[PDB]
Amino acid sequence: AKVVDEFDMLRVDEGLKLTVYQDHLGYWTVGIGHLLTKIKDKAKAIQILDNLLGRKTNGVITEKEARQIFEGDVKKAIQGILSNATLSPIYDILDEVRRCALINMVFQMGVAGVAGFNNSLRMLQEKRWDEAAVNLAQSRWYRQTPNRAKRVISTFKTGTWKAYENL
């Protein structure tokens, strides 16, 4: 239906893994940045994956199942936004595309982290794009992850998925 959606948006930013993946901290992961466990044990990571999914996987999953796992994480991200006093009124007035960009921020940093952008959030709440992009660019989020921040901020400015046309 939509050329780019929230699953492919966060696939560009957060890698898509169809096999259990261990990062530098030893944390086991799968799908769109879905943390299975933080214990350096591959057998428990796969066991957790088996209970989440409905089969005896050997660490490998399909893209359909990764979208199922991700849709669950998105439902929880929306619940965290609508349950937050700061982020809830912004989510209401934002369109579908810009809603995905707010969820993207809640994926990287927590709901409490996104709620720290007091002035930038007021700019978004008032549909004052571009002014929000300037305040969001002057942030630690932009400093640590410039390229991911550029794509997300551009999405808030345009609302056109243009930054994610082809990763």
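All residue numbers are counted from 1 along the displayed sequence.
> Quick check: 149-157 versus 15-23, which has the larger average CA B-factor in the record?
It is 15-23.
> Please compare 134-142 with 98-106 and name the stretch with the higher mean C-alpha B-factor in the deposited structure.
Per the PDB entry, the higher value belongs to 134-142.
> Going by the entry, which third of its chain does the Cα temperature factor of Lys38 land in?
Within its chain, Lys38 is a highest-third residue by C-alpha B-factor, going by the deposited values.
> By its CA B factor, does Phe117 count among the lowest, middle or highest third of the modelled residues in the chain?
For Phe117, whose C-alpha B-factor we compare with every modelled residue in the chain, the answer is the highest third.
> Using the temperature factors of the C-alpha atoms in this entry, rank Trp28 within its chain: lowest, middle or highest third.
Ranked within chain, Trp28 CA B lands in the highest tercile.
> Divide the modelled residues of the chain into thirds by Cα B-factor and specify which third, lowest, middle or highest, holds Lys56.
Its C-alpha B-factor belongs to the highest third of this chain's values.
> By the record's CA B-factor, is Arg128 among the lowest, middle or highest third of residues in the chain?
Its C-alpha B-factor belongs to the lowest third of this chain's values.
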